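Listed here are the chains, written in short residue letters.
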Amino acid sequence: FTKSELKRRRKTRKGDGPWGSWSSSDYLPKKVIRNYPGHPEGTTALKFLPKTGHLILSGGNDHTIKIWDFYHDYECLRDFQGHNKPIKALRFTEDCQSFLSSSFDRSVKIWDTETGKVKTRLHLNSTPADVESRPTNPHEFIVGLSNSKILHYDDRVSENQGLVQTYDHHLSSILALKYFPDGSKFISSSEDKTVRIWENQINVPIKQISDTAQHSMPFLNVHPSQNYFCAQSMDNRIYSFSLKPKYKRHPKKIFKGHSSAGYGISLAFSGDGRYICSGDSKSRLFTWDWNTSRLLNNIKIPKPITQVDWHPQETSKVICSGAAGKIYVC
Amino acid sequence: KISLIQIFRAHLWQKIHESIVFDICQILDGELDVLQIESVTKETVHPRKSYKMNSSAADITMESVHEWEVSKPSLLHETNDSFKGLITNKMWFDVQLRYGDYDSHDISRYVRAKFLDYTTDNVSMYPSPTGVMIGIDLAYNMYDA
Amino acid sequence: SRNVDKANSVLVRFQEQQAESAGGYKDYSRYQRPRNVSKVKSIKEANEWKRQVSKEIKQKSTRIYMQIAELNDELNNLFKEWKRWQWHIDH
Amino acid sequence: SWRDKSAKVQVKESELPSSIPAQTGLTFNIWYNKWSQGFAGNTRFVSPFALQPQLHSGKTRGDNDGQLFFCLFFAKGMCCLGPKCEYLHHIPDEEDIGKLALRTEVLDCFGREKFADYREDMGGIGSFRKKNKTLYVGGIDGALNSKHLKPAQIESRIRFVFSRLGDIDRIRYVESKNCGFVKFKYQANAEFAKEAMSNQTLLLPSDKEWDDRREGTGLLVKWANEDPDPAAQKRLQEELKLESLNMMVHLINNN
Amino acid sequence: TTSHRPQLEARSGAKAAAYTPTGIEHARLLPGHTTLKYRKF
Amino acid sequence: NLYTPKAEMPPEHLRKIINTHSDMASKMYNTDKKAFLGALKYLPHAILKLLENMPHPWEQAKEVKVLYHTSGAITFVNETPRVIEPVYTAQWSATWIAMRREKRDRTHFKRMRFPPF
Amino acid sequence: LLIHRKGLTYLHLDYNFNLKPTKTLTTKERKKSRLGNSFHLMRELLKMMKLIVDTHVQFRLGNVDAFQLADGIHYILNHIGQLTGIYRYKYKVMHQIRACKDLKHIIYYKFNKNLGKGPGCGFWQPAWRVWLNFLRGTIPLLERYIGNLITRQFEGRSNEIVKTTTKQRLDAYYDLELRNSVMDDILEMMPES
Amino acid sequence: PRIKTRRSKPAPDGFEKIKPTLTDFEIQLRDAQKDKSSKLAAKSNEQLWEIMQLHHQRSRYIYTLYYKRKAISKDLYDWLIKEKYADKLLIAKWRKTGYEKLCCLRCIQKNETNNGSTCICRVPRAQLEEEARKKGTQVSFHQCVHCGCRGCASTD
Amino acid sequence: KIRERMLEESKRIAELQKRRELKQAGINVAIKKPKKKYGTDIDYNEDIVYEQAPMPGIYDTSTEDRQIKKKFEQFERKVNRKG
Amino acid sequence: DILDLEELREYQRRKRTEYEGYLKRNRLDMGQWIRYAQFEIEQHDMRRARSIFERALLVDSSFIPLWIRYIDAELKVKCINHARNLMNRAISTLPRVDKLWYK
Amino acid sequence: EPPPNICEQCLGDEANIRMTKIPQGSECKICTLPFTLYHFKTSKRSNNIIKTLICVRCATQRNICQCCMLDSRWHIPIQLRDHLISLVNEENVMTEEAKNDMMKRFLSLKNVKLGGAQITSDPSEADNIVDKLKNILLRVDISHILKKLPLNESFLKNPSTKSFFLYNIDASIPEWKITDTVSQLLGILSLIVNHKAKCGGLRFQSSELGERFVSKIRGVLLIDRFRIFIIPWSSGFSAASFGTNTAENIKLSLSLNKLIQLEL
Amino acid sequence: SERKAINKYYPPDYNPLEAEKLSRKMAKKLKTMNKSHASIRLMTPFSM
Ligand SMILES: O=P(O)(O)O[C@H]1[C@H](OP(=O)(O)O)[C@@H](OP(=O)(O)O)[C@H](OP(=O)(O)O)[C@@H](OP(=O)(O)O)[C@H]1OP(=O)(O)O
Ligand SMILES: [Zn+2]
Ligand SMILES: [Zn+2]
Ligand SMILES: [Zn+2]
Ligand SMILES: [Zn+2]
Ligand SMILES: [Zn+2]
Ligand SMILES: [Zn+2]
């Protein structure tokens with residue numbers, strides 16, 4: 001080889017040092033009562049108003065959000081047209097005047113509940129997968145993302161688009177978040193096979209949840225007695241954990257029988273505490289007793305029912321929906 | 001070993017500590033307005049605390065309605081301690097049990113040393129810079145603070 | 001003291017409890033078998049109780065070869081129990 | 001062909017299963033990587049992973065390095081390294097059997113050293129004395145999650161899955177014993193298919209049971225004993241005589 | 001009594017010769033008196 | 001045939017090796033486990049070398065040359081604490097005077113607790 | 001790892017090198033787990049080194065200042081007898097402990113002249129020398145001890161342990177040799193063989 | 001590097017202008033230190049190769065700045081050597097003919113190789129290529145075990 | 001000890017008779033070999049345990065060797081079918 | 001007693017384990033050796049019987065009833081040439097014993 | 001201490017081989033006793049590392065290579081070697097291998113060759129064996145499923161059929177030979193054969209492949225002069241076609257046999 | 001460990017009072033805690 005040829009050969013290496021490569025490549029529910037005409041292409045999120053459930057909030061495909069009354073007319077009060085992609089999550093702030101919305105457009109928007117006005121809008125570098133807000137403060141919210149970060153925001157803050165803090169101890173996409181009902185601590189789950197509890201506005205997790213056989217947990221919720229919380233693991237079983245400062249799992253509180261895997265199926269609780277519910281990919285609306293994890297029933301409601309929610313005062317009443325679009329009420 | 005675990009069988013050490021803590025808390029409740037106390041809180045202390053002999057925490061934590069005038073540290077039966085030095089709104093009571101021996105049964109020296117040691121660590125053991133440590137010697141049946 | 005009251009010490013029992021909580025481990029031979037089968041809901045744990053009945057009838061049948069009458073009585077009773085376990089997991 | 005594409009990464013490094021096995025005792029032994037203080041509960045479990053030969057096969061570093069041996073974890077359907085693997089990511093074929101033909105007497109196609117005696121279990125790598133081409137297929141009830149299935153249906157399942165993994169001489173299913181026997185053309189394909197199908201399910205995505213396939217114990221794939229059938233024995237004697245006569249040609253022509 | 005027996009033959013040292021040492025360092029086999037004396041002649 | 005001196009590695013390399021051998025559950029660590037048990041006979045030597053090089057009261061942070069096995073099994077301090085005897089005597093005499101003065105002046109000398117952790 | 005290879009997972013080793021059983025042990029467990037003086041000497045030397053290292057760690061965290069560090073090192077080296085328990089497995093270390101006590105006496109009564117009582121004496125160099133010179137002669141002993149132990153772990157135990165004639169075996173071996181002597185004489189003189 | 005202490009003298013002028021680059025090298029090494037808990041032996045070796053690369057690269061930064069760009073005073077270079085931001089003895093190799101792009105010192109430690117040879121990464125790539133061609137194969141050498149170097153002959 | 005021997009033979013005959021019953025029922029269970037007390041323990045049926053063949057003398061033994069082989073295999077078939 | 005070949009194998013395992021244990025614990029009981037060899041002749045396994053007689057001779061080659069038993073055992077099963085080799089060996093090792101010559 | 005016994009086919013063709021000796025480095029695969037391990041590579045840049053698996057005294061006892069356990073004269077495995085010799089000798093010889101570990105240790109130390117080894121360990125005997133070898137080479141629901149089987153119909157040009165029925169399959173035939181001969185005819189295929197049934201079914205990927213198959217010569221297919229007969233099977237088949245149990249398959253085989261004997 | 005060991009290892013989370021309460025709940029289900037007799041070694045008190 002000539003020196004010029006050796007010079008050209010050096011330039012072909014994929015890297016500017018010795019490590020550059022030469023490689024080639026370059027109570028009990030019984031029966032359905034009514035159904036609302038939800039999103040024709042499919043409902044992806046549902047929520048009752050938090051303290052009193054007189055209204056049902058809905059979001060799904062067709063890039064739209066809608067709100068329905070639960071009494072006297074059973075009709076949509078108003079729509080919200082400001083999204084370009086399907087709704088991922090919806091969350092009423094703890095003072096009912098506003099709700100948070102996230103979509104696959106990488107945009108998180110907070111809407112005025114009664115007027116339908118965008119209080120503020122956030123544009124993100126990654127797809128948000130959950131939105132949540134403090135029980136003690138309606139102005140404070142949190143956003144989990146696909147890039148394993150958790151962004152923290154207070155809408156009164158203008159600096160850095162209101163980003164008050166960021167959390168980092170997660171090796172993959174965040175899948176769900178939940179505040180404690182006191183709102184001083186919050187919980188988050190990830191694509192990485194672990195869950196963490198965090199002090200609010202502190203970048204250190206106070207506890208880690210891991211086991212040699214733990215599956216990922218795409219949804220998480222709190223039992224109304226608030227001594228315990230719960231999550232829907234991809235093992236086709238739901239699990240429950242203590243909110244007490246030991247934060248350990250409780251052994252016999254396993255909830256099996258439902259086809260969950262590959263879908264973001266929701267889980268919900270009766271307002272009296274004593275009963276719990278989940279969807280299914282083949283439309284069996286499952287229910288269980290919370291006191292002993294005993295099975296209750298399933299209803300073959302008219303397809304994956306990804307969303308379920310239970311009224312804070314209407315005993316034995318529950319709503320569900322999914323890709324079928326229609327929003328069924330028992 | 002057999003004789004002393006026979007005496008302290010069925011967790012008697014922790015029982016003694018809990019009962020004395022409750023007794024001091026329950027009599028501080030009866031003087032709450034007298035001493036201008038906003039609240040008396042029995043603390044949820046770690047179970048090994050009663051026999052954690054190299055470290056400590058507050059057993060009772062106590063709030064002020066309006067701030068107290070407190071002395072520099074002094075023994076329970078010293079008389080001339082003057083309150084003008086220092087001011088605080090939070091205080092704690094720490095109950096320490098010991099089992100003495102012939103070399104060491106001066107409980108007053110024990111509480112003084114343990115107080116001045118624990119209150120002057122780089123990392124603070126207690127929820128306030130001011131408080132009282134109470135000591136009980138079980139072998140010799142003595143008390144001081 | 002003997003092996004039995006060492007194994008039934010508080011520390012060993014607590015470690016058993018922690019192991020059945022933390023990893024699902026349970027040596028079923030330690031524990032009294034349910035008299036009524038229908039109160040058992042998992043197919044896994046019902047089959048494990050069935051295995052306990054199986055090893056019990058094996059050990060009894062090793063001693064069958066008053067003696068024959070009483071052990072035959074207990075043997076067929078345990079076969080009745082085994083039938084009930086098989087029935088339960090089959091329904 | 002597998003030669004037309006670079007090998008797929010089967011499982012990501014973060015998706016690999018934990019090394020600590022399921023708990024069967026009170027304390028984890030850091031030396032033995034096993035549980036001590038009691039022994040209760042079964043150690044068998046269904047594999048989370050399965051090979052998909054047309055999808056996962058492809059070229060690797062091993063093809064460029066002149067490698068002989070196949071990837072153990074490719075067969076298990078859980079290779080982390082994909083195209084950066086030193087070992088071959090494809091089903092063994094007559095070319096590679098020919099390349100292995102020297103080492104094959106004492107080594108597995110995975111390059112593992114053979115033993116003198118089989119395990120009492122008849123599991124494991126196999127014997128350098130026997131040159132066995134036949135796999136016993138047990139645990140078929142657990143591989144179907146105890147689903148009731150007709151015998152010819154079971155045979156059709158076994159026929160499908162094992163025929164992806166090599167050229168086959170015979171498959172037979174025995175209803176009374178509830179077990180199958182698969183014989184390959186080459187011992188290398190029997191070696192490969194054993195590790196590929198060990199602890200797997202026979203269930204389909206079409207089955208109603210598919211969403212709980214992980215719960216039981218999978219297929220129990222072992223070396224077969226000698227067939228006691230007299231027809232098979234005289235067939236074995238005939239092929240032994242034929243192999244002997246073919247070898248006489250080589251000895252005579254060399255000397 | 002049959003556990004309690006006399007010695008009919010002693011164990012042969014030929015058995016110990018049949019396999020190799022296993023590397024245990026005994027204290028009495030450490031070096032010592034490492035030089036031989038010799039007589040005047 | 002030919003000799004060259006032992007290469008000195010980055011300290012982060014050793015630090016990483018000690019970090020990775022935390023749990024050792026994988027099959028890749030069998031040979032490392034055996035090396036760990038074989039290292040056990042050389043621990044009193046390593047303990048002597050460590051304590052021999054202990055920092056004296058007048059120095060904050062003593063950097064020491066070390067020899068370590070690439071399995072992470074054991075780390076020896078590979079140096080001798082050579083000192084100039086009249087200087088060492090003067091250093092310890094200054095330390096002696098300072099400690100005397102501090103015991104005099106410090107109103108309350110708070111001793112450590114043992115074990116510290 | 002040595003504990004776990006021997007299967008003694010029912011014993012736990014603290015991070016301050018105390019060995020404690022996790023449960024009340026069976027007699028077979030007690031016999032099987034009866035670790036010897038080699039392990040224990042190794043463990044207690046690690047414990048001593050751990051104490052020293054932990055004081056330096058406390059200094060470097062800023063929790064105690066330099067004078068407290070000096071006094072702490074001096075206290076450890078003087079109070080090995082109370083902190084470490086190493087005498088239980090090698091009682092000849094009492095010479096080191098006694099030497100440290102004597103050194104403490106002479107050091108204190110040079111140091112505390114016109115100062116009075118209380119902690120603060122950090123002149124730890126003599127006791128430090130005592131323990132280093134102990135480690136000098138402890139290295140070959142523990143190397144032999146631990147080597148034989150680990151050799152037993154990997155290679156196993158020798159098949160052909162020849163018991164010596166100690167005074168517990170003296171009478172039995174006398175009987176065996178006398179019996180063989182009588183038998184040799186009588187079987188030689190008998191005509192019929 | 002060596003931790004700042006009363007033992008150490010303050011940095012000469014110009015250390016502030018190079019500090020951002022050194023701090024990012026520090027950041028990368030702090031990340032690389034940690035127990036990522038790799039399961040495989042191969043990927044565990046790759047993580048040590050990362051550290052060796054970072055060590056090389058920071059030493060190359062200081063080396064090029066002082067010896068080639070001449071943007072650095074002798075005092076500042078001596079300070080960086082003394083506080084061990086840079087590998088003294090590897091820089092000493094880069095000054096020699098035929099070693100201008102050496103990866104690390106272990107790869108030329110002949111007295112510990114099985115055959116008494118250097119590491120294979122010091123062979124020029126053309127020589128390995130023509131040996132492989134004469135044998136009739138591709139080149140089997142990708143990365144050497146010591147540091148992951150893919151070839152550091154000065155021609156390459 | 002004789003009581004223990006009685007109990008051991010009782011358990012052996014238990015296994016034997018159970019195996020015979022199951023053989024009459026057409027489910028052919030194999031007899032369980034004894035458990036090895038130590039890892040190197042011997043099964044004396046698998047090998048002639050320490051075979052010391054007779055040293056070959058001047059006389060040819062071949063004809064009576066094949067006769068003995070005939071006798072042994074005849075006995076084996078006989079015990080298989082007649083018991 | 002024994003109805004099946006597998007049952008014969010069980011019986012033979014038990015008896016062989018018994019005899020081998022006793023001859024391990026005390027090899028010098030020549031009568032025990034002789035009756036173990038007799039057991040294997042009863043099993044018609046002449047290879048095992050020959051091996052046991054050979055091992056017994058290795059324990060003690062001077063004991064004349066053991067030689068006579070082995071020779072007679074070979075002759076009883078019509079193995080005349082084996083017996084011829086054996087007797088020639090017998091006189092070759094013990095030429096001064098009249099009984100072997102007469103046999 | 002004897003030298004290693006390694007064959008030329010293990011060592012390769014390079015002029016020089018570096019080899020690493022390790023005393024007591026390995027435990028022998030045959031006898032479990034420790035031995036001096038040798039290991040080498042055929043060239044410096046070959047990526048597979050070859051090692052002695054058996055000790056030298058086990059290897060000389062068997063007359064085999066320590067690295068591949070083929071016969072060190074004839075380069076064939078022990079079973080085939082002892083079988084070959086036992087065709088030339090009337091009185092059989094075979095390598096009797098110990099099963100108990102103490103017998104494995106015991107057997108390895110006696111210095112006597114085993115099986116066919118002595119007959120191959122000197123040139124005179126081995127040459128005599130091959131000279132003699134040259135002389136050797138010089139010298140019940142059947143009544144239902146028989147309407148599911150296509151036996152009433154024939155091999156034809158016009159009907160497009162993707163599936164076929166195979167019968168008169170000799171049990172000697174492996175499945176792969178059938179697939180291979182169809183592959184030869186098509187110039188390249190799901191096959192079921194039940195050998196207890198002596199029949200089977202063949203299913204093609206698409207109709208043009210089946211049409212190309214029927215384009216080449218009820219029909220017949222040849223496997224080493226076994227005349228497999230073939231019929232187009234328009235009704236799709238599965239494994240159930242040949243019977244649900246072993247007895248049904250055997251009964252079907254006898255039925256097909258008498259049908260073949262009528263057809264011939 | 002020796003016969004006369006002073007200390008046993010307790011896990012860091014071990015509360016003795018909760019442990020005893022849990023072990024009491026467990027004791028009602030263990031076989032050998034509920035069998036009707038205790039095995040003992042004794043001498044025959046009289047000729048029988
Ligand atoms: O038993 P000793 O070796 O003699 O040492 C005893 C103490 O050690 P410990 O028993 O371990 O506590 C020691 O304190 P420490 O070394 O712990 O700091 C005291 O020194 P100082 O008060 O600080 O000056 C001694 O007082 P003097 O008598 O003035 O030397 C005391 O002696 P005593 O037992 O006769 O009273
Ligand atoms: Zn791979
Ligand atoms: Zn390099
Ligand atoms: Zn390098
Ligand atoms: Zn290199
Ligand atoms: Zn061998
Ligand atoms: Zn070879």
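Throughout, a per-chain count from 1 in the order the sequence is written supplies the residue numbers; the entry may number residues differently, and those without coordinates are omitted. The order in which chains are written sets their letters, starting at A; the order in which ligands are written sets their numbers, starting at 1. Part of a larger assembly is what these chains represent; accordingly, every value refers to the shown part. Only hydrogens and water are set aside; all other atoms, that is, all heavy atoms of the structure, feed into the side-chain values.

(A) Up close: the sheet that holds strand 4 (residues 163-167) of chain K. Residues and elements named next belong to chain K. Strand pairing is defined by DSSP finding a minimum of two bridges between the two strands. The secondary structure listing takes helices from DSSP runs of H or I that are at least 4 residues long and strands from runs of E that are at least 2 residues long, numbered from the N terminus. Ordered in space as 5-6-4-8-7, the five strands form an open sheet in which the pairing is antiparallel. This sheet does not close on itself; its edge strands, each paired only once, are strand 5 (190-194) and strand 7 (219-223). When the angles between neighbouring strand axes are averaged without regard to direction, this sheet yields 25 degrees. With five bridges connecting them, strand 4 and strand 6 (residues 199-203) associate as antiparallel partners. Only the contacting stretch of a helix is used when fitting its axis, a line to C-alpha atoms as for every element, and angles between N-to-C directions run 0 to 180 degrees.

(B) Looking closely at the coordination of the zinc ion (ligand 3). Residue and element names in this part refer to chain H. Donors, by definition, are the N, O and S atoms found within 2.8 Å of a metal, the threshold being 3.2 Å for Na, K and Ca, and water is not counted, so a site can look incomplete. Listed as protein donors to the zinc ion (ligand 3) are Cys 103 (SG), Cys 121 (SG), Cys 149 (SG) and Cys 152 (SG); their distances from the metal cover 2.3 Å. Every geometry call rests on angle ranges, with four donors termed tetrahedral when all angles are between 85 and 135 degrees, four termed square planar and six termed octahedral when opposite donors are over 155 degrees apart and all others are between 65 and 115, and everything else termed irregular. Seen from the zinc ion (ligand 3), its four donor atoms lie at angles of 103 to 118 degrees, and the figure they make is tetrahedral. Positions of the donor residues of the zinc ion (ligand 3), expressed as sequence spacing, correspond to C-x17-C-x27-C-x2-C. Between the zinc ion (ligand 3) and the zinc ion (ligand 4) the interatomic distance comes to 3.9 Å, and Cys 103 is a ligand of both metals. Taken as a pair, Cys 103 in the loop between helix 4 (88-94) and helix 5 (125-135) and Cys 152 in the segment after helix 5 lie far apart in primary sequence, 49 residues in all.

(C) Quick peek at the packing of helix 1 (residues 2-24) of chain I against helix 1 (residues 5-25) of chain J. Contact geometry of helix 1 of chain I with helix 1 of chain J gives a least axis separation of 11 Å together with a crossing angle of 160 degrees. One finds that helix 1 of chain I runs roughly antiparallel with respect to helix 1 of chain J. Here the hand of the crossing between helix 1 of chain I and helix 1 of chain J comes out right-handed. Packed against helix 1 of chain I, whose contacting residues are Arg5(I), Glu9(I), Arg12(I), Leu16(I), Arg19(I) and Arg20(I), the element helix 1 of chain J presents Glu6(J), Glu7(J), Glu10(J), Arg14(J) and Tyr22(J) at the interface. Just so you know how the angles are binned, under 35 degrees is roughly parallel, over 145 roughly antiparallel, 65 to 115 roughly perpendicular, and the rest oblique. What makes a crossing left-handed is the near helix being turned counterclockwise from the far one by less than a right angle; a clockwise turn instead makes it right-handed. Contact definition: two residues touch when any of their heavy atoms are within 4.5 Å.

(D) Highlighting the pairing of strand 14 (residues 174-179) of chain A. Residues and elements named next belong to chain A. Pairing analysis gives five bridges linking strand 14 to strand 15 (residues 185-190), with the strands arranged antiparallel. Across the sheet, the residue bridging to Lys 178 is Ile 187, located in strand 15. Joining the antiparallel neighbours strand 14 and strand 15 is a turn of five residues, in which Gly 183 adopts a positive phi near 80 degrees.

(E) The arrangement of the arrangement of the chains in detail. Take the 25 pairs of chains in contact: the one carrying the most contacts is chains F and G. Regarding chain A and chain F, the two do not touch, and the least distance separating their C-alpha atoms is 12 Å. For the non-touching pair chain A and chain J, the nearest C-alpha separation works out to 46 Å.

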